[PDB]
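Below sits a lone chain in structure tokens, taken as the form deposited in one PDB entry.
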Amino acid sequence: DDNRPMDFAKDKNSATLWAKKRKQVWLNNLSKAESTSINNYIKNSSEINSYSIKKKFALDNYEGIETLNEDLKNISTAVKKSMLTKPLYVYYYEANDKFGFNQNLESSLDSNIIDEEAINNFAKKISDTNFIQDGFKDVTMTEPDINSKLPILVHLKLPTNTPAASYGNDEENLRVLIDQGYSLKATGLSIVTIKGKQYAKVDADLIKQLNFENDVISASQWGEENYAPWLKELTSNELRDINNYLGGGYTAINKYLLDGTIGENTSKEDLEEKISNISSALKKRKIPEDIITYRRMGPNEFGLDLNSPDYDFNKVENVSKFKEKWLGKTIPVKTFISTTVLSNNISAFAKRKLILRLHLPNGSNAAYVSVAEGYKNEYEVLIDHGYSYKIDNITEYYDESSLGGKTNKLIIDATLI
């Protein structure tokens, strides 16, 4: 079977035929719970994908919505029964905000033309970035002739073995349902002309980066498999100074790296010894593969106060202003960085509204310090001092819980550089 090209291009006829064939076979191999959840996704994908975010950034004790928990599970199992045998290209038009890009791509002088300065800023923006795609993703099979008003056409390549199912109620515009857990990596940029109008066409690959989210089991194993050797090889003074930094001794150490300030009860000699010991420990086992880490950040790290009016993200204008100020910036970090590999909200910082989702590159000087039995349940990665990160994307969602603060919160996607 699977008589198709990798890229149907504009041939809607051949694509509809291939989709119809594999869809009826796919549907006749679903359990009843899966069939129901696919129908539920047809009817309200937006709520199911919004919920996937709410759940995975929620507290450990979050119960959530029963039927939607089954849906999250059942759509995954369903789509894994429809794995691509060969690469498939797919299409969708997109807004610039989905690439964390503020500047308008459409030229102000002719609206049919893509501004040349903007497309050049865009090529730099989408480089060296994995754009995490939250929830399930549904797309179509051909270049769509629809007179779109969005600036960007995404031309996405789904690798072999990708779970991508043929589904949908319009038998002449069937869709592709892609499993959760993927990211978009740009592989090309070009200006294309469709029905007289220039679009920024983003070629990209669908890739899967390591991101445990709520999977505490898979997280623990990875940290143990990769950093138990690291733990056994620590010097006594390194183990001690990490344990102390993590236990709370970080404030004075961080302050010294920030502005060279020495507390009245210590000395530069004591502060540098600690820093040298922690930093040397963090260079002993480089991050072995790209991984996503998380940090619930204080308002002060972006010039805001707990009671500052700009920190009310329940007002859409405050969200927008935050995106304008911070999207695309590089933030230097002179201190160590504590992050966790779980997306779960944390009781001790439950109300913080800025959630850093940090891409930690292969080769970074950082350690899963939670192999130390004291911090096992904290799932921490400690990052060496003096790195920077660039802000890639900012994404709002609503935390409905009362412990979380019944407030909007911002997911700040970033890349360590």
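By rigid core we mean the largest C-alpha set that fits within 1.5 Å across both forms. The first residue of the sequence shown is number 1, and the count goes up from there.
Omitted here: the form solved in complex with a small molecule. The next part is about that form.
- Per the 4.5 Å heavy atom criterion, the small molecule in the bound PDB entry is contacted by stretch 300-308, the sole one of 300-308, 106-114, 318-326, 138-146.
- Checked against the small molecule in the bound PDB entry, the candidates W222, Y92, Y89, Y250 yield a single residue with a heavy atom inside 4.5 Å, and that residue is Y250.
- Put simply, of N254, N226, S276, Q209 only one has a heavy atom within 4.5 Å of the small molecule in the bound PDB entry, and it is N254.
- The small molecule in the bound PDB entry comes within 4.5 Å of a heavy atom belonging to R352.
- Proximity of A164 to the small molecule in the bound PDB entry falls outside the 4.5 Å heavy atom cutoff.
- Taking the partner from elsewhere, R296 is found to have a heavy atom lying within 4.5 Å of the small molecule in the bound PDB entry.
- Shown alone here, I194 lies farther than 4.5 Å from the small molecule in the bound PDB entry, counting heavy atoms only.
- Among the candidates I262, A123, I207, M297, displacement between this form and the one not shown reaches 2 angstroms at the C-alpha for one position only, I262 (superposition on the rigid core).
- When two forms of a protein are overlaid on their rigid core, residues whose CA moves 2 Å or more are considered shifted, and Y375 is one of them between this form and the one not shown.
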